[PDB]
Amino acid sequence: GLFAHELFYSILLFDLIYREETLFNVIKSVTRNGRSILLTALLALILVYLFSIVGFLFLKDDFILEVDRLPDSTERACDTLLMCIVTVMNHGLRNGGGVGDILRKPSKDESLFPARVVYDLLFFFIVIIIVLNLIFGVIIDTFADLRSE
Amino acid sequence: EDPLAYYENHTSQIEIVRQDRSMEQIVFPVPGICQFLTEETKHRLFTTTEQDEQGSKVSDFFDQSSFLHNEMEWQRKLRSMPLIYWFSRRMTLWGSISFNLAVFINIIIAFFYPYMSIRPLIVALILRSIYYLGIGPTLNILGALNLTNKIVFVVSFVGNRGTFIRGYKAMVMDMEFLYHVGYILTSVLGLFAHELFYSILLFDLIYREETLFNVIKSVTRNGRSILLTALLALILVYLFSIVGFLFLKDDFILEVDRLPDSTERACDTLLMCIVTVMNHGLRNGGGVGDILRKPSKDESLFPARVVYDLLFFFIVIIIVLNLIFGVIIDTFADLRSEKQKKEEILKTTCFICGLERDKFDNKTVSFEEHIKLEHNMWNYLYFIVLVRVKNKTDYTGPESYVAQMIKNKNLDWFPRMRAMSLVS
Ligand SMILES: Nc1ncnc2c1ncn2[C@@H]1O[C@H](COP(=O)(O)OP(=O)(O)OP(=O)(O)O)[C@@H](O)[C@H]1O
Ligand SMILES: [Ca+2]
Ligand SMILES: [Zn+2]
């Protein structure tokens, strides 16, 4: 911080955890069973991979994402499986509804409307409602375990 | 080398309560067949046996005695047969290569499709194979190796677990064997029909990692409650859709993009209104109000729309949906409590007699000595095996008594809540 660059002093703010015991105890809830949280994240990634495979196989066209170009306003985000997986992981997990939020809005007359509805609901229930909340459940359980000990 | 050492190693003792309710100690030689019992089986039995209503594990131990004896015989035969023994001993290894091969295949498929520790070395070899032969050929070789390794793994599994000993019907009944054959079928499909079929193989992580299985147990233990809560949410959505159709049809306008007007009515029919509500209100943080048309203050139905939106948000989004997460947290707490109680019982109670550690305080014989020598479950199992093997004519007094109790299905010969050392 003194010599290379002034902004390097930002890392020093982490000393609050060392100084305060309460904050360290709070973080211990996350760290005690961090392996379980990481494995839950891996399971979420596997489910995202399977959902992306299904979408690429059957729902490729629906993956149209808007883009703002620095100096067309839409792009295809499921032309390749890697791109489709990246799109799902980045957007569906960060969106409350799920992947259906970014996915194109389907019309009723379209024959694939029931399939899209099932896809969106299954993603929302399996990943957003169940898997993503398992990490918070693990943290809550760790809190109680630490308190009891 | 040392006769005394050999005899002490091969000699065991147990304690039995006679008909007159007096305790006696029986010193017997270990049966030869007993040596073939596996540490994995011993640990599984010790950590899985469950207490009965009276709180005794003796019943389950006695029930599994016969299966343990059959496993011992099968293990002796497997040891006699060399090559299959070599394959069985390395069961963990085969699973390791299988999991690594599946992970690598899936990574390559994800990173290239559509197309046309030694782990770093394997990665470098795979990279060179991709560079020289090509992505498709590399995937073919990887899949062939995966299938061969899985065949070897299933062979080792049947050799080690000895599921076939119980019977063909039992083998088919076993869920793990069915999972393994499903893995073989999925590998075959991935190799021969379509490359993307390898994706299902990534589910092996749950089987491999105990922690992830325990985490998923929080969702599976009380899944019926979660499904019933979902049904309640569906019923509430149905009622809300009824109300909207009757009083608020016009507000149900959903924007759409037409593949090569921009707004289409969504509540013309009650089925469509139900579908719209279930699909959007439940997946929207605000609820059905967000999708519904924005009302002006001057409009007459403004208070009705406000009440509708707020009621939906509070009843469904804030209460009904959160009940599933509450159930999951509840199951987590229940599982932790059960595990803690089981661990405490196992650590601080004797398997056979059930006496607690505190009872042995300030005594000549320690609790560790009691569990190791005086009351050893494996010693009782060895005595049972001795009774079964030995001929009736050669039975001694205690052996005849225990054999008669076994025949009559009476477990009283086991010492319950009594220890000779504590008495004297
Ligand atoms: N009745 C019991 N209650 C509690 N723990 C028991 C009981 N019987 C055995 N154990 C424990 O189960 C494990 C099996 O003990 P075992 O006699 O096989 O010892 P070992 O160290 O594997 O054998 P060795 O040292 O003789 O080669 C040990 O942890 C023993 O303490
Ligand atoms: Ca005789
Ligand atoms: Zn005991």
# chains A, B, ... in the order shown; residues from 1 in each chain; ligands from 1
$ select_by_dssp --residues "chain A" --states "alpha helix (DSSP H)" --output "ChimeraX atom specification"
/A:15-19,21-32,34-58,81-87,99-102,113-123,132-148
$ interface_residues --of "chain A" --to "chain B" --cutoff "9 Å" --atoms "only C-alpha atoms" --output "mmCIF file with N, CA and C atoms, in the first residue's frame"
data_model
loop_
_atom_site.group_PDB
_atom_site.id
_atom_site.type_symbol
_atom_site.label_atom_id
_atom_site.label_comp_id
_atom_site.auth_asym_id
_atom_site.auth_seq_id
_atom_site.Cartn_x
_atom_site.Cartn_y
_atom_site.Cartn_z
ATOM 1 N N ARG A 35 -17.718 -27.561 3.172
ATOM 2 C CA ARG A 35 -17.706 -28.636 2.187
ATOM 3 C C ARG A 35 -19.119 -28.981 1.738
ATOM 4 N N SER A 36 -20.070 -29.005 2.675
ATOM 5 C CA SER A 36 -21.457 -29.271 2.310
ATOM 6 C C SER A 36 -21.995 -28.191 1.381
ATOM 7 N N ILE A 37 -21.680 -26.927 1.666
ATOM 8 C CA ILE A 37 -22.139 -25.834 0.812
ATOM 9 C C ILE A 37 -21.542 -25.964 -0.583
ATOM 10 N N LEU A 39 -20.497 -28.710 -2.059
ATOM 11 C CA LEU A 39 -21.112 -29.847 -2.737
ATOM 12 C C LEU A 39 -22.523 -29.512 -3.206
ATOM 13 N N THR A 40 -23.265 -28.731 -2.419
ATOM 14 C CA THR A 40 -24.580 -28.280 -2.863
ATOM 15 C C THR A 40 -24.462 -27.402 -4.102
ATOM 16 N N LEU A 42 -22.093 -27.632 -6.305
ATOM 17 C CA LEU A 42 -21.767 -28.550 -7.393
ATOM 18 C C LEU A 42 -23.012 -29.267 -7.903
ATOM 19 N N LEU A 43 -23.902 -29.670 -6.994
ATOM 20 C CA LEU A 43 -25.161 -30.280 -7.413
ATOM 21 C C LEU A 43 -25.998 -29.299 -8.222
ATOM 22 N N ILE A 46 -24.570 -29.237 -11.638
ATOM 23 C CA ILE A 46 -24.937 -30.425 -12.407
ATOM 24 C C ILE A 46 -26.362 -30.299 -12.933
ATOM 25 N N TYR A 49 -26.394 -27.964 -15.755
ATOM 26 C CA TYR A 49 -25.864 -28.620 -16.945
ATOM 27 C C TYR A 49 -26.931 -29.468 -17.626
ATOM 28 N N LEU A 50 -27.677 -30.251 -16.846
ATOM 29 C CA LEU A 50 -28.730 -31.079 -17.430
ATOM 30 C C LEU A 50 -29.828 -30.222 -18.054
ATOM 31 N N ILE A 53 -28.598 -28.887 -21.300
ATOM 32 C CA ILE A 53 -28.635 -29.920 -22.331
ATOM 33 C C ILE A 53 -30.046 -30.061 -22.884
ATOM 34 N N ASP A 79 -26.524 -21.401 -28.931
ATOM 35 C CA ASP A 79 -26.007 -22.009 -30.152
ATOM 36 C C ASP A 79 -25.021 -23.126 -29.838
ATOM 37 N N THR A 80 -24.224 -22.963 -28.785
ATOM 38 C CA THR A 80 -23.297 -23.982 -28.322
ATOM 39 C C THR A 80 -23.634 -24.349 -26.884
ATOM 40 N N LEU A 81 -23.319 -25.591 -26.513
ATOM 41 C CA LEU A 81 -23.696 -26.076 -25.190
ATOM 42 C C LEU A 81 -22.985 -25.298 -24.090
ATOM 43 N N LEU A 82 -21.723 -24.925 -24.314
ATOM 44 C CA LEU A 82 -21.012 -24.131 -23.316
ATOM 45 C C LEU A 82 -21.687 -22.782 -23.106
ATOM 46 N N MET A 83 -22.063 -22.110 -24.196
ATOM 47 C CA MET A 83 -22.756 -20.833 -24.069
ATOM 48 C C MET A 83 -24.095 -21.006 -23.366
ATOM 49 N N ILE A 85 -24.940 -23.322 -21.165
ATOM 50 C CA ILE A 85 -24.680 -23.560 -19.748
ATOM 51 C C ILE A 85 -24.305 -22.262 -19.051
ATOM 52 N N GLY A 96 -35.079 -14.422 -9.794
ATOM 53 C CA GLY A 96 -36.028 -15.019 -8.869
ATOM 54 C C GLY A 96 -36.904 -16.067 -9.526
ATOM 55 N N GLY A 97 -37.452 -15.750 -10.701
ATOM 56 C CA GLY A 97 -38.286 -16.716 -11.395
ATOM 57 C C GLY A 97 -37.510 -17.930 -11.867
ATOM 58 N N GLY A 98 -36.329 -17.709 -12.444
ATOM 59 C CA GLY A 98 -35.490 -18.761 -12.969
ATOM 60 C C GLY A 98 -35.082 -18.450 -14.391
ATOM 61 N N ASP A 101 -37.317 -16.459 -16.997
ATOM 62 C CA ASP A 101 -37.277 -15.002 -17.057
ATOM 63 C C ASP A 101 -36.508 -14.528 -18.285
ATOM 64 N N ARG A 104 -37.385 -16.516 -23.944
ATOM 65 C CA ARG A 104 -38.386 -15.771 -24.694
ATOM 66 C C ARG A 104 -39.789 -16.108 -24.203
ATOM 67 N N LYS A 105 -40.657 -15.103 -24.218
ATOM 68 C CA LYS A 105 -42.039 -15.290 -23.796
ATOM 69 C C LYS A 105 -42.805 -16.039 -24.881
ATOM 70 N N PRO A 106 -43.381 -17.207 -24.589
ATOM 71 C CA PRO A 106 -44.071 -17.968 -25.635
ATOM 72 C C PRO A 106 -45.538 -17.593 -25.774
ATOM 73 N N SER A 107 -46.041 -17.726 -26.999
ATOM 74 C CA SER A 107 -47.450 -17.481 -27.264
ATOM 75 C C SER A 107 -48.268 -18.743 -27.014
ATOM 76 N N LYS A 108 -49.554 -18.545 -26.720
ATOM 77 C CA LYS A 108 -50.423 -19.677 -26.416
ATOM 78 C C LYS A 108 -50.597 -20.586 -27.626
ATOM 79 N N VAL A 117 -43.742 -24.176 -20.293
ATOM 80 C CA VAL A 117 -44.279 -23.962 -18.952
ATOM 81 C C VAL A 117 -43.719 -25.000 -17.989
ATOM 82 N N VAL A 118 -43.720 -26.271 -18.397
ATOM 83 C CA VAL A 118 -43.181 -27.321 -17.540
ATOM 84 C C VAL A 118 -41.701 -27.083 -17.276
ATOM 85 N N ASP A 120 -39.988 -24.230 -17.241
ATOM 86 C CA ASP A 120 -39.792 -23.115 -16.321
ATOM 87 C C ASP A 120 -40.183 -23.499 -14.900
ATOM 88 N N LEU A 121 -41.336 -24.154 -14.735
ATOM 89 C CA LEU A 121 -41.777 -24.518 -13.392
ATOM 90 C C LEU A 121 -40.825 -25.515 -12.745
ATOM 91 N N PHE A 124 -37.664 -23.685 -11.680
ATOM 92 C CA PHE A 124 -37.914 -22.843 -10.516
ATOM 93 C C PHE A 124 -38.020 -23.677 -9.245
ATOM 94 N N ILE A 129 -36.008 -22.942 -5.714
ATOM 95 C CA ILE A 129 -36.753 -23.061 -4.464
ATOM 96 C C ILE A 129 -36.116 -24.074 -3.521
ATOM 97 N N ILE A 130 -35.550 -25.153 -4.049
ATOM 98 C CA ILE A 130 -35.039 -26.247 -3.229
ATOM 99 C C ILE A 130 -33.523 -26.195 -3.100
ATOM 100 N N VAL A 131 -32.808 -26.242 -4.224
ATOM 101 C CA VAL A 131 -31.355 -26.370 -4.171
ATOM 102 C C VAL A 131 -30.722 -25.101 -3.611
ATOM 103 N N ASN A 133 -31.906 -22.869 -1.657
ATOM 104 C CA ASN A 133 -32.217 -22.686 -0.246
ATOM 105 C C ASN A 133 -31.540 -23.714 0.651
ATOM 106 N N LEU A 134 -30.990 -24.788 0.082
ATOM 107 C CA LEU A 134 -30.309 -25.781 0.905
ATOM 108 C C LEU A 134 -29.044 -25.204 1.527
ATOM 109 N N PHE A 136 -28.648 -22.051 2.519
ATOM 110 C CA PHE A 136 -29.104 -21.271 3.663
ATOM 111 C C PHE A 136 -29.537 -22.181 4.804
ATOM 112 N N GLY A 137 -30.197 -23.294 4.482
ATOM 113 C CA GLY A 137 -30.540 -24.257 5.515
ATOM 114 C C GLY A 137 -29.314 -24.821 6.208
ATOM 115 N N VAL A 138 -28.260 -25.098 5.438
ATOM 116 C CA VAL A 138 -27.017 -25.603 6.016
ATOM 117 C C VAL A 138 -26.411 -24.569 6.954
ATOM 118 N N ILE A 140 -28.004 -22.193 8.578
ATOM 119 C CA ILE A 140 -28.851 -22.111 9.765
ATOM 120 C C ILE A 140 -28.573 -23.284 10.698
ATOM 121 N N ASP A 141 -28.428 -24.485 10.137
ATOM 122 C CA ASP A 141 -28.130 -25.659 10.952
ATOM 123 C C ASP A 141 -26.781 -25.518 11.649
ATOM 124 N N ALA A 144 -27.038 -23.394 14.815
ATOM 125 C CA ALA A 144 -27.546 -24.111 15.979
ATOM 126 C C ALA A 144 -26.512 -25.086 16.525
ATOM 127 N N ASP A 145 -25.778 -25.764 15.640
ATOM 128 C CA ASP A 145 -24.749 -26.689 16.109
ATOM 129 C C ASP A 145 -23.687 -25.958 16.922
#
$ atom_distance --atom1 "atom CA of residue 287 of chain B" --atom2 "atom CA of residue 308 of chain B"
10.2 Å
$ residues_around --residues "residue 401 of chain B" --least-positions-apart "5" --cutoff "10 Å" --atoms "only C-alpha atoms" --output "PyMOL selection string"
chain B and resi 16+18-19+395-396+406-407+413
$ write_last_selection --atoms "N, CA, C and O atoms" --output "JSON list (two decimals), in the first residue's frame"
[["chain", "number", "residue", "atom", "x", "y", "z"],
["B", 16, "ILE", "N", -22.81, -64.91, 30.02],
["B", 16, "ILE", "CA", -24.16, -65.40, 29.75],
["B", 16, "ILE", "C", -24.92, -65.51, 31.06],
["B", 16, "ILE", "O", -24.36, -65.90, 32.09],
["B", 18, "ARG", "N", -27.67, -67.47, 33.07],
["B", 18, "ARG", "CA", -28.29, -68.78, 33.04],
["B", 18, "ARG", "C", -29.78, -68.68, 33.38],
["B", 18, "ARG", "O", -30.32, -67.59, 33.61],
["B", 19, "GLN", "N", -30.44, -69.84, 33.40],
["B", 19, "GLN", "CA", -31.87, -69.87, 33.71],
["B", 19, "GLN", "C", -32.14, -69.37, 35.12],
["B", 19, "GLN", "O", -33.12, -68.65, 35.36],
["B", 395, "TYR", "N", -21.36, -80.71, 22.59],
["B", 395, "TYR", "CA", -21.73, -79.51, 23.32],
["B", 395, "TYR", "C", -21.37, -79.63, 24.79],
["B", 395, "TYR", "O", -21.48, -80.71, 25.39],
["B", 396, "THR", "N", -20.93, -78.52, 25.38],
["B", 396, "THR", "CA", -20.79, -78.41, 26.82],
["B", 396, "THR", "C", -22.10, -77.92, 27.43],
["B", 396, "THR", "O", -23.12, -77.79, 26.75],
["B", 406, "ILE", "N", -31.21, -70.38, 21.46],
["B", 406, "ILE", "CA", -31.24, -69.99, 20.05],
["B", 406, "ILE", "C", -32.37, -70.70, 19.33],
["B", 406, "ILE", "O", -33.11, -70.09, 18.54],
["B", 407, "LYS", "N", -32.53, -72.00, 19.58],
["B", 407, "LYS", "CA", -33.60, -72.76, 18.93],
["B", 407, "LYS", "C", -34.97, -72.23, 19.34],
["B", 407, "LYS", "O", -35.88, -72.14, 18.51],
["B", 413, "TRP", "N", -30.38, -65.06, 27.26],
["B", 413, "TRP", "CA", -29.03, -65.48, 27.62],
["B", 413, "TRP", "C", -28.05, -64.33, 27.48],
["B", 413, "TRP", "O", -27.01, -64.31, 28.16]]
$ residues_near_ligand --ligand "ligand 2" --cutoff "12 Å" --atoms "only C-alpha atoms and all ligand atoms" --output "MDAnalysis selection string"
chainID B and resid 390:397 399:400
$ write_last_selection --atoms "N, CA and C atoms" --output "compact mmCIF listing (two decimals), in the first residue's frame"
# COMPACT_ATOMS: atom_id res chain seq x y z
N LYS B 390 -20.36 -76.49 15.85
CA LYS B 390 -20.07 -77.64 16.69
C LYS B 390 -21.22 -78.65 16.65
N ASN B 391 -20.86 -79.93 16.74
CA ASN B 391 -21.85 -80.99 16.77
C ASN B 391 -22.57 -81.01 18.11
N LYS B 392 -23.81 -81.51 18.09
CA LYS B 392 -24.63 -81.50 19.30
C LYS B 392 -24.00 -82.35 20.40
N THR B 393 -23.45 -83.51 20.04
CA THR B 393 -22.91 -84.42 21.04
C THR B 393 -21.75 -83.78 21.80
N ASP B 394 -20.94 -82.98 21.12
CA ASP B 394 -19.76 -82.38 21.74
C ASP B 394 -20.09 -81.12 22.53
N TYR B 395 -21.36 -80.71 22.59
CA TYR B 395 -21.73 -79.51 23.32
C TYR B 395 -21.37 -79.63 24.79
N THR B 396 -20.93 -78.52 25.38
CA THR B 396 -20.79 -78.41 26.82
C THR B 396 -22.10 -77.92 27.43
N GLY B 397 -22.07 -77.65 28.73
CA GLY B 397 -23.25 -77.18 29.42
C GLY B 397 -23.72 -75.83 28.92
N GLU B 399 -22.80 -74.28 26.24
CA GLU B 399 -23.08 -74.35 24.81
C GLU B 399 -24.45 -74.94 24.54
N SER B 400 -24.81 -76.01 25.27
CA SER B 400 -26.14 -76.59 25.12
C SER B 400 -27.22 -75.60 25.51
$ select_by_dssp --residues "chain A" --states "strand (DSSP E or B)" --output "list in words"
residues 64, 65, 66, 74, 75 and 76 of chain A
$ atom_distance --atom1 "atom CA of residue 309 of chain B" --atom2 "atom CA of residue 240 of chain B"
10.0 Å
$ residues_around --residues "residue 345 of chain B" --least-positions-apart "2" --cutoff "12 Å" --atoms "only C-alpha atoms" --output "PDB file with N, CA and C atoms, in the first residue's frame"
ATOM      1  N   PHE B  46     -22.066 -52.121  13.132  1.00  0.00           N
ATOM      2  CA  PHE B  46     -21.985 -51.367  14.378  1.00  0.00           C
ATOM      3  C   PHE B  46     -22.679 -50.017  14.254  1.00  0.00           C
ATOM      4  N   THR B  47     -22.501 -49.337  13.123  1.00  0.00           N
ATOM      5  CA  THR B  47     -23.044 -47.998  12.940  1.00  0.00           C
ATOM      6  C   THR B  47     -24.461 -47.988  12.379  1.00  0.00           C
ATOM      7  N   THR B  49     -26.925 -50.775  13.201  1.00  0.00           N
ATOM      8  CA  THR B  49     -27.880 -51.495  14.032  1.00  0.00           C
ATOM      9  C   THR B  49     -28.730 -50.517  14.836  1.00  0.00           C
ATOM     10  N   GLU B  50     -30.035 -50.776  14.871  1.00  0.00           N
ATOM     11  CA  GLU B  50     -31.012 -49.871  15.458  1.00  0.00           C
ATOM     12  C   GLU B  50     -31.612 -50.477  16.719  1.00  0.00           C
ATOM     13  N   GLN B  51     -31.876 -49.623  17.705  1.00  0.00           N
ATOM     14  CA  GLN B  51     -32.510 -50.064  18.938  1.00  0.00           C
ATOM     15  C   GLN B  51     -33.975 -50.413  18.698  1.00  0.00           C
ATOM     16  N   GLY B  55     -35.188 -50.721  23.640  1.00  0.00           N
ATOM     17  CA  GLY B  55     -33.895 -50.072  23.601  1.00  0.00           C
ATOM     18  C   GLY B  55     -32.709 -51.000  23.469  1.00  0.00           C
ATOM     19  N   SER B  56     -32.910 -52.223  22.984  1.00  0.00           N
ATOM     20  CA  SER B  56     -31.846 -53.210  22.876  1.00  0.00           C
ATOM     21  C   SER B  56     -31.548 -53.519  21.414  1.00  0.00           C
ATOM     22  N   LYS B  57     -30.259 -53.557  21.081  1.00  0.00           N
ATOM     23  CA  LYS B  57     -29.782 -53.902  19.748  1.00  0.00           C
ATOM     24  C   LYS B  57     -29.482 -55.389  19.597  1.00  0.00           C
ATOM     25  N   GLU B 338     -31.312 -36.273  15.567  1.00  0.00           N
ATOM     26  CA  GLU B 338     -31.274 -37.732  15.556  1.00  0.00           C
ATOM     27  C   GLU B 338     -29.841 -38.241  15.470  1.00  0.00           C
ATOM     28  N   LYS B 339     -29.029 -37.636  14.598  1.00  0.00           N
ATOM     29  CA  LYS B 339     -27.641 -38.066  14.472  1.00  0.00           C
ATOM     30  C   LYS B 339     -26.884 -37.866  15.778  1.00  0.00           C
ATOM     31  N   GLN B 340     -27.088 -36.724  16.438  1.00  0.00           N
ATOM     32  CA  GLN B 340     -26.394 -36.475  17.697  1.00  0.00           C
ATOM     33  C   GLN B 340     -26.796 -37.493  18.755  1.00  0.00           C
ATOM     34  N   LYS B 341     -28.093 -37.796  18.857  1.00  0.00           N
ATOM     35  CA  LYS B 341     -28.530 -38.777  19.846  1.00  0.00           C
ATOM     36  C   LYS B 341     -27.925 -40.147  19.565  1.00  0.00           C
ATOM     37  N   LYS B 342     -27.932 -40.571  18.298  1.00  0.00           N
ATOM     38  CA  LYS B 342     -27.364 -41.873  17.964  1.00  0.00           C
ATOM     39  C   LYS B 342     -25.876 -41.924  18.281  1.00  0.00           C
ATOM     40  N   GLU B 343     -25.139 -40.864  17.938  1.00  0.00           N
ATOM     41  CA  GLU B 343     -23.708 -40.843  18.220  1.00  0.00           C
ATOM     42  C   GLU B 343     -23.444 -40.892  19.719  1.00  0.00           C
ATOM     43  N   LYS B 347     -21.383 -43.886  21.563  1.00  0.00           N
ATOM     44  CA  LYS B 347     -20.113 -43.601  22.220  1.00  0.00           C
ATOM     45  C   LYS B 347     -20.160 -43.930  23.707  1.00  0.00           C
ATOM     46  N   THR B 348     -21.282 -43.653  24.376  1.00  0.00           N
ATOM     47  CA  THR B 348     -21.349 -43.747  25.830  1.00  0.00           C
ATOM     48  C   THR B 348     -22.268 -44.865  26.317  1.00  0.00           C
ATOM     49  N   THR B 349     -22.516 -45.885  25.497  1.00  0.00           N
ATOM     50  CA  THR B 349     -23.281 -47.039  25.946  1.00  0.00           C
ATOM     51  C   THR B 349     -22.634 -48.317  25.432  1.00  0.00           C
ATOM     52  N   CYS B 350     -22.803 -49.390  26.202  1.00  0.00           N
ATOM     53  CA  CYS B 350     -22.306 -50.707  25.824  1.00  0.00           C
ATOM     54  C   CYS B 350     -23.327 -51.389  24.923  1.00  0.00           C
ATOM     55  N   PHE B 351     -22.842 -51.999  23.841  1.00  0.00           N
ATOM     56  CA  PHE B 351     -23.742 -52.575  22.846  1.00  0.00           C
ATOM     57  C   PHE B 351     -24.572 -53.708  23.437  1.00  0.00           C
ATOM     58  N   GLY B 354     -25.849 -52.476  27.635  1.00  0.00           N
ATOM     59  CA  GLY B 354     -26.457 -51.163  27.670  1.00  0.00           C
ATOM     60  C   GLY B 354     -26.059 -50.293  28.839  1.00  0.00           C
ATOM     61  N   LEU B 355     -25.129 -50.740  29.679  1.00  0.00           N
ATOM     62  CA  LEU B 355     -24.711 -49.938  30.820  1.00  0.00           C
ATOM     63  C   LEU B 355     -23.957 -48.699  30.354  1.00  0.00           C
ATOM     64  N   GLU B 356     -24.146 -47.600  31.075  1.00  0.00           N
ATOM     65  CA  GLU B 356     -23.516 -46.333  30.739  1.00  0.00           C
ATOM     66  C   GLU B 356     -22.091 -46.275  31.280  1.00  0.00           C
ATOM     67  N   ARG B 357     -21.327 -45.308  30.766  1.00  0.00           N
ATOM     68  CA  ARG B 357     -19.939 -45.154  31.190  1.00  0.00           C
ATOM     69  C   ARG B 357     -19.841 -44.760  32.658  1.00  0.00           C
TER      70      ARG B 357
END
$ residues_near_ligand --ligand "ligand 3" --cutoff "12 Å" --atoms "only C-alpha atoms and all ligand atoms" --output "MDAnalysis selection string"
chainID B and resid 14:16 56 58 348:357 359:360 365:377 380 414:422
$ closest_residue --among "B:194, B:119, B:77, B:10" --to "ligand 1" --atoms "only C-alpha atoms and all ligand atoms"
B:10
$ atom_distance --atom1 "atom CA of residue 151 of chain B" --atom2 "atom CA of residue 138 of chain B"
20.1 Å
